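In PDB author numbering, the protein residues as written are 1 to 171. What follows is one structure encoded as structure tokens, with my remarks underneath.
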Ligand SMILES: CCCCCCCC(=O)N[C@H]1CCOC1=O
């Protein structure tokens, strides 16, 4: 207790994110922070706009293969807002039925697979890349202001994931 205990939590995480030594452990930590609360399932999305290759996206998740196949098979990346920087009008996204009011075949399938609500972030960097994270939760309960201690920590997790993973990946 010294008016700075939240700064010290940030300092502790900054040290841990540097000690990862890999992009894999950087993202794995932020997803383990969801699993530690027994939420449901976790997800990362990453994109490398390389000039030497055709442009590509990578993504990681503990989701059921029936959702992961169905999402890929119909190419739900075309209709999902969690990868579209224009929807992040204050740098952040929240799941309500209103947000999914066009993405109804995303929400109905996600609801069935156990992704009963979720939480989402984005960042932009002058060094390049782009990246996103989202936690799902089996608690079908409302998103208000998310919860202040989660809403700030989410902006921290997206910053440090994008920062640590960018400085490891360079693309
Ligand atoms: C192939 C899976 C990619 C993982 C990245 C998240 C994609 C996803 O499942 N999004 C849905 C899940 C329910 O709400 C959404 O916006």
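Beta carbons are placed, not taken as given, at the ideal position from N, Cα and C, and that holds for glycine.
So the beta strand (DSSP E) residue i belongs to, where does it begin and stop?
i, result
"residue 43", "42 to 48"
"residue 11", "First-last for residue 11: 5 to 19, but that is the alpha helix (DSSP H), not the beta strand (DSSP E)."
"residue 110", "That residue, residue 110, is in no beta strand (DSSP E); its alpha helix (DSSP H) goes 104 to 113."
Restricting to Cα atoms, I'd like to know which of the options is closest to residue i.
i, options, result
"residue 120", "24, 95, 35 and 161", "95"
"residue 48", "108, 90 and 59", "59"
"residue 178", "36, 137, 23 and 156", "Nothing about residue 178 can be read from this structure; the chain reaches only from 1 to 171."
"residue 124", "77, 149 and 159", "159"
"residue 109", "80, 132 and 89", "80"
"residue 93", "165, 69, 143 and 74", "143"
"residue 133", "103, 8, 63 and 161", "161"
According to DSSP, simplified to helix, strand and coil, what is residue i?
i, result
"residue 150", "helix"
"residue 124", "coil"
"residue 59", "strand"
When every heavy atom of ligand 1 is checked, does at least one fall within less than 7 Å of the C-beta of residue i?
i, result
"residue 110", "yes"
"residue 6", "no"
"residue 106", "yes"
"residue 3", "no"
"residue 45", "yes"
"residue 39", "no"
"residue 9", "no"
"residue 72", "yes"
Return the CA-CA distance between residue i and residue j, expressed in angstroms with no decimal places.
i, j, result
"residue 118", "residue 171", "28 Å"
"residue 67", "residue 77", "13 Å"
"residue 101", "residue 75", "18 Å"
"residue 115", "residue 17", "27 Å"
At which residues does the alpha helix (DSSP H) containing residue i begin and terminate?
i, result
"residue 32", "23 to 35"
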